[PDB]
């Protein structure tokens, strides 16, 4: 399937793949799948990041639901970055363990799909700014996922709710080395801390890619009440760094400035959605499908 060599992610045809896509809050709106996933593909996204629940905080996504969402993605010519969200911001190892068990439990939905699915082990596990503690978690669990027969590229979110990318700079190679398949990439979520201005965006990207580690900005936003989405897009394009905007629809009121679409079908994008789809360095301009799809 997918493979990582230095700071590049390669598709199953060996062609570099640069993620340009959208997060979708599937776990909380499970019945929107057949509308939302194809609508995201219609915007030119080459990758969808699909929010799943392991039952820790929300309604567990069962094996049939996983199969359903994956299939909707690959049959609309998107790679599926699957992620478990129930450990968000938690420092406790038990929350990471729960996500790891979930992947193992659900392995029969994932095995064989390594050319179209990438596994983001847990959304924003380890909220505190502590690179060592963060690393120790992944060093312990990545070999267990490999032992279970999962050969997918794995995606690991930075510490600090994704906003402490120093963790990846300092310890990301140690994490990568713990993977016996050497097929692990990293993600930063850029909001007001990690994406607060142009210098910060570029330095945070540089501090990973200059360790010869592969990188996606697996979530990012825009200025609210800031966040430099223009530099995230432009510098990502310059450096071949992947990105995934947050999110299609359904944020709670406090975060609803983050909805990219007014409707589930994507007929009415928000200003934010239009920026991501139709603006400079956005999906229409820069998103290329994985060559597994043609």
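Positions refer to the first chain, counted from 1.
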Self-check item: Greater mean Cα temperature factor according to the PDB record, 32-40 or 239-247
Solution: 32-40
Quiz item: For the stretches 183-191 and 216-224, which has the higher mean C-alpha B-factor as given in the deposited record?
Solution: 216-224
Self-check item: Highest recorded Cα temperature factor - choice among 122, 118, 78, 209
Solution: 209
Quiz item: Considering only 154, 82, 109, 158, which residue's Cα atom bears the greatest B-factor as recorded?
Solution: 109
Exercise. Please rank the C-alpha B-factors of the chain's modelled residues and tell me whether residue 137 sits in the lowest, middle or highest third.
Key: highest
Quiz item: Once the chain's modelled residues are ordered by C-alpha B factor and cut into thirds, is residue 162 in the lowest, middle or highest one?
Solution: lowest
Quiz item: Among the chain's modelled residues, which third holds the C-alpha B-factor of residue 7?
Solution: middle
Quiz item: Split the chain's modelled residues into thirds by Cα B-factor; is residue 73 in the lowest, middle or highest one?
Solution: lowest
Quiz item: Considering only modelled residues of the same chain, in which third does the CA B-factor of residue 258 rank: lowest, middle or highest?
Solution: lowest
